[PDB]
């Protein structure tokens, strides 16, 4: 209830709408949720029952009969527009969809979903998210207060003060869904409860240009992860902040799908916004011309390349660095551009690929600062150290193309991590930094028609994050159930990670598949079918519906059956770091001298391997903290009023992992009702001859109730402070109460 503190009347939701919503006529014995084909879930009344086929009639109008297995049970109106979706007793997937769109009808932005804080995105002015309601959530807990990320930010600040532990906040959401507004909203609150906002808001647009590419859904789709630690003092005083970004996608730099784009910086220099870079970097003004920028899409609607450069020259004109590095970063990007155009023609009667067309790598060697001939000799003949004395190997045209892609993706990710440290030099102030309450952002677990290894690099990452959620829910639910005296849920996800992380798993089979002499992608699919078809329950053959182009294997993740396309994984998996060219990178007079300054994988380290190590390092960074999840979704394509398209919310219900934490709590008892709360409301179900009165102790006052409800012992579990019930009983507490209220 959001009175007492000057907040908006919808966030109250009491004495005007809730007390009349707890009595509206919705006969659940004749009202169900029917599955639509377009909305996919919508409320319907039923005229009469027939058994398996029920004659449904929805609010939009169809008199057809629908199978009983297709329709689902409908939530009561007393739990319609439910506040905490763990308190609801009929917790279907339309129990989040329909409740989210009708809480959107009252424009309830935030919503408790158990540990999740689900956030729809309407667009208006918000009186609630400013100072006088910071006064209405300072110290206010989860249960009594209405939903708010200043409330869970003050819970993270609360256990930050009390538990003496690094608290963390893992925002899951995509760009364009107000994600910059979401992160600004998170970091706005810590300065208020303190007694570098403009550096975060200034630091973001160049970050958006170096690391936020285009997937099919999002025209500024996130690829990497953010991790903004707002460092504190000893007793909760805001000290500083640092960022350390994870999982910048290498294959995104090199290999671009035609419905996808690269990172924006190359397109900015290809834009004619600044001509001095075009004279400076020897660029032919054309994205179609370059081999890196022609495998994908040149440009799409709703984005402008000169606006992207307008972001980067604003962030580059003023920040902590000097003016020469503004030239240097562009030197490295246009230095990446001239790599791939080199032919590397095979010698006659040999295998060693000699560049004879040496005009474009000459332009590269002018752009970097490397020598012209030494770069070509180093790419052509990599010299390695054996025992004491160096020997050279040859190469063929294929391995030198993987070298000239691998050095580019490596120098781009190390340049971007370097830039994260350079922004970190600005963002860090000399206050004593202790016990961060840092907030991570990451790309969403995204399911396209072209799930590739790029998509696997998103999917297994968010898979492991969801694995941290399942254990983290299980320890808390275990804590309340051991307080009350009443298989792990992470195992429900573990098998999929068992299919992906463990050796003789799909990432491992993809890694070792490269090592063979003549192993193509068809041989790789033949090997996956050899090792896992029927051997593991997750792995299954891909059904193709509705004319997908091609699907090669399917993994039933927590979002369900997700196909994949093998073709081209062996080319994009490789990262052979050519060592002598890294030596020439050290020798060149540029930033790179500072950038690129039992062994493992000198010639065979793959994108899957560094994904595995960076994800494990993010995990051991995250297992040392304490999470507080935030979800954030876009309404539809238009920044719009209430025209929310239910396929998008039903898809991001499963892609954010919200429906998982919805269904994990259902396997225990989610119906968490207090004894006197069971007597003030549901003693009406089957009372004695005397009304309530408060003359029996509420544990025995509910034992008097359950001793006459005709409910068996296996349905409920009795405790000490509360009593719990299985999902599917607090609608049974009203079907006979409406017989009492008939």
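All positions are counted from 1 along the displayed chain.
Method of determination (from the header): electron microscopy, 3.8 Å.
Here the Cβ of each residue, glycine as well, is placed from N, Cα and C on the backbone.
From the options 702-716, 717-731, the stretch Swiss-Prot describes as region 'Actin-binding' is 717-731.
Taking Swiss-Prot as the reference, the stretch among 615-637, 638-660, 661-683 described by the feature region 'Actin-binding' is residues 615-637. Same-chain residues lying 6 or more positions outside the region 'Actin-binding' (615-637) and placing a CB less than 8 Å from one of its CB atoms are 104, 113, 115-122, 149, 152-153, 155-156, 159, 163, 165-174, 176-179, 182, 186, 225, 227, 246-247, 438, 440, 460-461, 464, 468-469, 472, 643-645, 648-649, 652, 656, 658. Among the binding-site residues 173, 178, the residue whose Cβ has the fewest other Cβ atoms within 10 Å is 178. Ranked by Cβ neighbours within 10 A across all protein chains shown, the recorded positions 124, 179 are led by 179.
For the pair formed by residue 179 (ATP binding site) and residue 358 (phosphothreonine), distance between Cα atoms is given as 45 Å, rounded to the nearest Å. Those residues of the chain, other than 173, 174, 175, 176, 177, 178, 179, 180, with a C-beta within 8 angstroms of the mean position of the ATP site C-beta atoms are 181, 182, 218, 632, 634. The distance from the Cα of residue 177 (ATP binding site) to the Cα of residue 124 (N6,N6,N6-trimethyllysine) comes to 14 Å.
Sequence-distant contacts of residue 175 (ATP binding site), defined by Cβ-Cβ distance under 8 angstroms and a gap of at least six in the same chain, are 208, 212, 218, 220, 221, 222.
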